[PDB]
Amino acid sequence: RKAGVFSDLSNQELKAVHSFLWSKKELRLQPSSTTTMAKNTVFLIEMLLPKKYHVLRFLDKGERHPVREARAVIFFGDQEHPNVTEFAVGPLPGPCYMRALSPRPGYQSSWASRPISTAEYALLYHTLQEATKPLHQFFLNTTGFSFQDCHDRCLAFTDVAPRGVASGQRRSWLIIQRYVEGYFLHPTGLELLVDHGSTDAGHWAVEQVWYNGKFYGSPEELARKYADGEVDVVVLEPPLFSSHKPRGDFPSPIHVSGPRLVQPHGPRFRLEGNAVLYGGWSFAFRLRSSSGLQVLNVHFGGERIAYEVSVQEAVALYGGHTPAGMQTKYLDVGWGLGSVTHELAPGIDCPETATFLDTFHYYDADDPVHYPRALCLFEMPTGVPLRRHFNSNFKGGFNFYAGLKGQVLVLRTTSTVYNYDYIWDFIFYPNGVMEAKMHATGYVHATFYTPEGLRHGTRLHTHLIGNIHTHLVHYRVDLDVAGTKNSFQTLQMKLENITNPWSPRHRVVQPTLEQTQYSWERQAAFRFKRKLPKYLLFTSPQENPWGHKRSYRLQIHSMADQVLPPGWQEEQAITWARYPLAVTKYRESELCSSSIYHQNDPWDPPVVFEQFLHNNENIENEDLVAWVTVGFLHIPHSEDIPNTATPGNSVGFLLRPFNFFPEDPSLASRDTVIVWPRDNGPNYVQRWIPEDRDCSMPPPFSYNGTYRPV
């Protein structure tokens, strides 16, 4: 396919890139699994998109297939001055070069900036096990659990990030928890700060300890004060509160399964590889291991609407009474947001009738890993007609009833980084409207209860505070409305007050249409202080048959506000969250608003979205990129136990045609039904697809749950 230009790497390709790099013996490559930080390893391999200039020549002007390459992130820890360096490896097939990417003169913290890995976690656990030995009796008395000879009663930890107070530090606060079903909700009241910056884990140290509201300096000191009675201790078969297992009873119990979708005539969309056709729609998709889901080269009616719509970052920003809590600003691209695309359970995560798609990731692994049912694609009834009208004759009857059943195409994946489960949707309606949606579920990020915690959260159980936080998500929306060069305008209603033209002594105070043009980037960078104009329009200079510019409208569904003070420390990592909408001129050097490095060096990251606006460029008839921030404040509440639920917990945006088509583009749909009356006879039910009452069975439920090399 042509859409293959946008496709993620196959298992064959990942092996080819990996083998190529491994045959370069001077890289001294070792497996991700090797239990030392003092090693060189390939941390991530994923497809590296070609330049847009070359892609559009191939797609639109019949030129050469662009060169295909892989981005390869290499952790160089086996050298005097450790760093991370990225390369473009190509061509594919038949790799033979390795070209260094994105140099950064004067930046010294690339090593400290890197994501945590499985090997690093194992070394942290060992550090923890050793360092907390003096606390063994303290653990047994207070929790009934421990790190030693613990078996089914083991302590665990959750690290928070960022990890220190300045660029170059790798000092993590660790929340100690009981490792039981839903361990996230079982903090013991102990937190530990561990310096794990050295490539020699022998050097790693607990530098500070916090327990039940007091700092202690070391595990030995806490152990001593415990022994001398100078510590205020909290000593910690229905289901566990942190379990999903049912309990309680509805006043009106429900004993049977609810209604389900059947698809006896098979999918109405066509999936070939990473390429989808659906009525008027055509698009390609990919699942970028670093940043997550994208749709690319989106067309309706054979015309381009958007070159790229992509998830860029997903953040959860906390306050807290405990050190771990006040430390937490999670930026999930730093945890491989697009690589934790775990198995979709048929019937639950997508309809039983969905098409489930597998993929492969190479992220912190020894070999490419198979991820079954990583995505799904499905049509489902929306339960509301796309359009309907009852045309009454106002004398007890009707001229006609017309209706179009509501259907939507949904491309879906998830990310479960750790405790959060985010459900990522791109949704395509038959009338050319597309929607992006993120739904939040899974376990809340929580810390140990003390009275002081009630200033930064809610008590959810006996020992549990749900910390206040804001979720924010950034999308890149590279609209190319009917072609590459667009303009941006907004529309507002403004009142006029005129003489009533048929009654001169009176006034008419009424709506008029007010149009605002935007010439320069800064004018189109909307802050949260300003109210957003109601119509956000991306226009083609082409006019429709009625004289109006062909356009697509962006409509944001969000509750987001300004969270961090602009200019203050870690806020440098998320300057995009200043803007619910910002428009930039397309540049190859500005493809992403975040990176895998932002989480662990938010102070001096390699991409600062705000910098994209510094040159305040002209945006009249240019390749424009819309960037959208959506989010919501989440003050936890008892109903979040065991999990946050999806209803009302979604954000996103709509893209709607606005004077783009001559009339409703869903008019081509043959699903429409019109009912007409006949004189002294039955009504005529006019259809273009026969009525269907066929039923069928979906595959029986299965779930694997493992993700392994092939």
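Just so we're on the same page, rigid core means the largest C-alpha set that superposes within 1.5 Å between forms. All residue numbers are counted from 1 along the displayed sequence.
- Per-stretch RMS Cα distance to the displayed form in 4 other deposited structures of this protein, following rigid core alignment, is highest for 100-108 when 100-108 and 221-229 are compared.
- Averaged over structures and residues, the CA distance from the shown form in 4 other deposited structures of this protein after a core fit is larger for 527-535, of the two stretches 572-580 and 527-535.
- Going from residue 326 to residue 327, the model skips none of the deposited residues; the chain is continuous there.
- A summary of the deposited B-factors shows that, of 435-443 and 606-614, the stretch with the larger mean C-alpha value is 606-614.
- Averaged over Cα atoms, the B-factor as recorded in the entry is higher for 107-115 than for the other of 107-115 and 381-389.
- The entry lists C-alpha B-factors for 550, 244, 225, 361, and the highest of these is at 225.
- Per the PDB record, 62 has a higher Cα B-factor than any other of 642, 62, 657, 647.
- Annotation for residue 652: C-alpha temperature factor in the lowest third relative to the rest of the modelled chain, per the entry.
- Ranked by Cα temperature factor within the chain, residue 120 sits in the middle third according to the deposited record.
- Annotation for residue 196: CA B-factor lies in the middle third of the chain's modelled residues.
- Ranked within its chain, residue 449 lands in the middle third, by CA B factor from the PDB record.
- In this PDB entry, the Cα temperature factor of residue 526 sits in the middle third of its chain's modelled residues.
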